[PDB]
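Given next, in C-alpha cells, is a single chain: the form deposited in one PDB entry.
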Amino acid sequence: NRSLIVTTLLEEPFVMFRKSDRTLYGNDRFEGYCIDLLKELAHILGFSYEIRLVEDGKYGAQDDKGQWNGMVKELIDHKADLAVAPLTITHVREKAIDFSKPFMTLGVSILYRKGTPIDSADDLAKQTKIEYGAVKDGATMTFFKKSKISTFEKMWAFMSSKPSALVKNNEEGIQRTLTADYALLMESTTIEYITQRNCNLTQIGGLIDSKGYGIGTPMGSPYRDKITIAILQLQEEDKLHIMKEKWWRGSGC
C-alpha cells in the first residue's frame, strides 16, 4: 500500500491551510475544494497519499530550452504521482504529462475594481495607464505568450516588458488590483470566488476562451484512466456541484 505523492499549491478556495489553535502537520494541514476531490479519488481508487506543496510555488511553464518548472515539472521528473490542483489542461502540457478528463470548466477573464468605463481586453491593450498582467509561469501567461490575436500579442508585449506585471500567484495579483490601478487576467471560477467576497472587485467582459482543470499525472501513469472514471462518477452523482457550492461562499456582494 505505498502512498502516492500528491503535488499541489496553496490557492483559495481549492487548497488552503485549515484554521487551528495548534500546529497541524501532514495531510491534516489542508482543506478546500481540491482536498475534498482528492479525498473522493483516494476513496474510489483505494490509495493512500501524502500531500507535498510544490517547492517553487508554480503551476508550470517551459523556459526557452523547453525545461518545465512548477507542478508540471514535479510530474515530469516522477517526483509526484498526481497533481491535485486547479491545473489547467493545455495542449503544450498534454505533450509532457497526462490529464484526467476535466472536473471543472473555466475560461480566462479580467479581475478589476468596479466603477470604470472599461469592459474588455480591447480597452486595456489600447491604454498604458491601467497596468495588467497574470500569474507568472501559469497557463494564462502562456496563453498570452502564445497568442496570434493582435490584441493579445499587444498585451503580451506589455506584460513581457513591465517588470512586475507578472505576479507570483493569484493572491499577489488580487492585492495588486486593490492596491494599484491594475487589472489581473485570471481564470473565471476564481474570479467568481473573489467577487462574492470582495465587493470592490468585479469581472470585466466575458470569457476569452474555454477550457478545463484536470488531475495531472506523469505520462504513462497507470492511474490516469481510473481517475477519469472516478471524476465521471462524481459528476454523475452531482458531487462536484455539491463540492463547488460548499467552497464558493459564504455570503456578500
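Start at 1 with the first residue shown and count on from there. Here, rigid core means the biggest group of C-alpha atoms that superpose within 1.5 Å across both forms.
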(request) Report, as yes or no, whether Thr8 is left without coordinates in at least one third of the other compared entries. (result) no
(request) Quick one: say whether 150 to 158 or 89 to 97 has the higher mean Cα B-factor in the deposited entry. (result) 150 to 158
(message) Regarding 21 to 29 and 239 to 247, which shows the higher C-alpha temperature factor on average in the entry?
(response) 21 to 29
(message) Out of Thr140, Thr116, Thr105, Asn169, whose C-alpha atom has the biggest B factor in the entry?
(response) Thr116
(request) Check the PDB entry and point out which of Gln67, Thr217, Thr195, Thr228 has the largest C-alpha temperature factor. (result) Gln67
(message) How does the C-alpha B factor of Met71 compare with the rest of the chain: lowest, middle or highest third?
(response) middle
(request) Classify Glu40 as lowest, middle or highest third according to the C-alpha B-factor given in the PDB entry, relative to its own chain. (result) middle
(request) Could you look up the Cα B-factor of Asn200 in the entry and say which third of the chain it sits in: lowest, middle or highest? (result) highest
(message) Is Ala80 in the lowest, middle or highest third of its chain when residues are ranked by C-alpha B-factor?
(response) lowest
(message) Ranking the modelled residues of this chain by C-alpha B-factor as given in the entry, is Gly57 in the lowest, middle or highest third?
(response) middle
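FYI, the form deposited in another entry isn't displayed, but the following is about it.
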(message) With the two forms fitted on the rigid core, I'd like to know which residue in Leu106, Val167, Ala83, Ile97 is displaced by 2 angstroms or more at its CA between this form and the one not shown.
(response) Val167
(request) Inspect the rigid-core superposition and answer whether the C-alpha of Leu178 shifts by 2 angstroms or more between this form and the one not shown. (result) no
(request) Take the rigid core as the frame of reference and indicate whether the C-alpha of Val72 shifts by 2 Å or more between this form and the one not shown. (result) no
